[PDB]
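A short write-up of the structure that comes next.
Because the Cβ atoms are built from the backbone with ideal geometry, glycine has one as well, and the counts that use them run over all protein chains shown. Nothing in this text is a laboratory measurement; each read-out follows from the coordinates by a stated rule.
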Amino acid sequence: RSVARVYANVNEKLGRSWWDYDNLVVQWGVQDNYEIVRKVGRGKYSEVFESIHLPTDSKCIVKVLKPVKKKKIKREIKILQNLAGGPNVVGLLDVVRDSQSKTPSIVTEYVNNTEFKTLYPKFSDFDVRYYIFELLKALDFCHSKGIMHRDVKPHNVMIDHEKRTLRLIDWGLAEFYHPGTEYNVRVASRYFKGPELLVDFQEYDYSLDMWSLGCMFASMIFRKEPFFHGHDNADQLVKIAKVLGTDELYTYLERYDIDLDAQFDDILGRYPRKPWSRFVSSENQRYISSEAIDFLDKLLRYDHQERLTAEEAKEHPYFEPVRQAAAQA
Ligand SMILES: O=C(O)c1ccc2c(c1)nc(Nc1cccc(Cl)c1)c1ccncc12
């Protein structure tokens, strides 16, 4: 049915040794070369600890993984190996496991993040352009390697504001794109879920990540976190519909032959498109420009095939100051 409009054939060209994570053989490192110092975070899927690589006395992260499905371990490790050297992708340092339990751990680089709720309001207009551009380099890189992140959100984007460095982290939901594959629609955080996930459209692609980027960008320039605040998955679609409008939703549904679940009959009304300018306020207007609105408009589309590619997104006039400043060094 639907096929990605860029990078559709990447996994075809690279072959089984790139994407066949089921047959991954890990060359496990020495667990005793690492010392766990302090827990920094817990996920649904993991626990993250500040650690030391003892031989070099260097600071690093140990991410202990306990998913009920083992192939999710292999998938995360294969993608992290494949993205080696990628710009702004979190660096894999090692993979180790407990000798008795066989519980695996991923070792990554440590990043001194400032939490996004503190960090995002301190950004200038230029900072938003700059960090979105850096995030675009990581998404263009993984898409060009046949990989969808599927969990793009502020929590998975680590920024060292002092060093002006960015890392896209937590590749645990990431997956290889294979033309015509039916993917699980139970991916991403509710506020960052694309319409395709909300209406059970399974033939999605890299363009899912561009919707999620659009939700992050909206929250940064309008200072509303999260931008689409649904109380549940059905409500998430209503919140989107109350901004993009029900007219563009219905042609999209017709275009991809999607039938809405009967649950939407009572809760989904007819809404006109709310123009982007209505979200402009005294507090957020320092982020706002016609280039910014134009950029956001071209990310937040129902139709995944209408959204900018990460590569098109880097060519947008919004990033002209960032491209100019980079050209000065
Ligand atoms: O998943 C990864 O690849 C992943 C990779 C690197 C980090 C991480 C998650 N989580 C961090 N912190 C964090 C903060 C709150 C909750 C959770 Cl679970 C974790 C963190 C901190 C400093 N440097 C690197 C990381």
- Query: Which whole-angstrom value gives the distance between the alpha carbon centres of the stretch 1-76 and the stretch 234-293?
  - Reply: 36
- Classify the stretch 1-157 as rounded, prolate or oblate from the Cα gyration tensor: take a ≥ b ≥ c as the square roots of its eigenvalues, call it rounded if a/c is under 1.5, otherwise prolate when a/b beats b/c and oblate if not. oblate
- Note on the structure: Amide H neighbours of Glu47 at under 5 Å, excluding residues fewer than 5 places away on the same chain, with H built from the backbone geometry, are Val64
- What dipole magnitude, in Debye to the nearest 20, does the stretch 108-207 give about its Cα centre under +1 on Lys/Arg Cβ and -1 on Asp/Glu Cβ? 280
- Rank these for me by crowding, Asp127, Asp160, going from fewest to most other beta carbons within 10 Å. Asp160, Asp127
- Message: Among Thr246, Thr118, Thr309, which one shows the highest mean-square fluctuation when the chain is modelled as a Gaussian network with alpha-carbon springs under 10 Å?
- Response: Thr118
- How do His178, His316 rank when sorted from fewest to most other Cβ atoms within 10 Å of their own Cβ? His178, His316
- Message: Below 8 Å, C-alpha to C-alpha, sequence gap of six or more: please give me the relative contact order for the chain in percent.
- Response: 16
- Query: What stretch of the chain, leaving out the sites themselves, is the longest with no GluC sites (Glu not before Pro) in a DSSP loop having at most 16 other Cβ atoms within 10 Å?
  - Reply: 1-114
- Query: Anyone know which of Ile169, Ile36, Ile77 comes out most mobile in the 10 Å Cα GNM of the chain?
  - Reply: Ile36
- Task: Sum -39500 (n - 2.57) across every DSSP H segment of at least 4 residues in the chain, then divide by the residue count to get the 222 nm mean residue ellipticity, nearest 500.
- Result: -10000 deg cm²/dmol
- Message: Running a GNM on the chain with Cα contacts under 10 Å, which residue among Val111, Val26, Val187 ends up with the highest mean-square fluctuation?
- Response: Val26
- Task: Would you please state the base-10 log of I(q)/I(0) at q = 0.14, 0.24 1/Å for the stretch 155-258, with intensities from the Debye formula using one equal scatterer on every alpha carbon?
- Result: -0.62, -1.48
- Query: Once a ≥ b ≥ c are taken as the square roots of the eigenvalues of the Cα gyration tensor of the stretch 265-329, is the result rounded (a/c under 1.5), prolate (a/b larger than b/c) or oblate (a/b not larger than b/c)?
  - Reply: oblate
- Query: In percent, how large is the relative contact order of the stretch 37-160, given Cα pairs closer than 8 Å and 6 or more residues apart?
  - Reply: 21
- Message: Output the 0 to 90 degree angle, nearest 10, between the alpha-carbon long axis of helix 71-82 and the longest principal axis computed from the alpha carbons of the chain.
- Response: 90
- Whole-number D in µm²/s for the chain (Stokes-Einstein; Kirkwood sum over Cα pairs; 37 °C, 0.692 mPa s): 156
- Task: Would you order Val25, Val185 from fewest to most other beta-carbon atoms within 10 Å of each residue's own beta-carbon?
- Result: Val25, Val185
- Task: Would you mind checking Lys39/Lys78; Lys44/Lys117; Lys63/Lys242 for any pair whose Cα atoms are more than 28 angstrom apart?
- Result: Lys63/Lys242
- Note on the structure: Candidate cut points under trypsin sites (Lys or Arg not before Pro) in the stretch 23-119, DSSP loop plus at most 15 other Cβ atoms within 10 Å of their own Cβ, are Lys44, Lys69, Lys70, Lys102
- Message: For a test of the definition: using alpha carbon positions, the gyration tensor, and the 1.5 limit on a/c, classify the stretch 20-110 as rounded, prolate or oblate.
- Response: rounded
- Task: Using only the alpha-carbon atoms of the stretch 81-212, report the extent along each of the three principal axes, biggest first, to the nearest angstrom.
- Result: 44, 41, 25
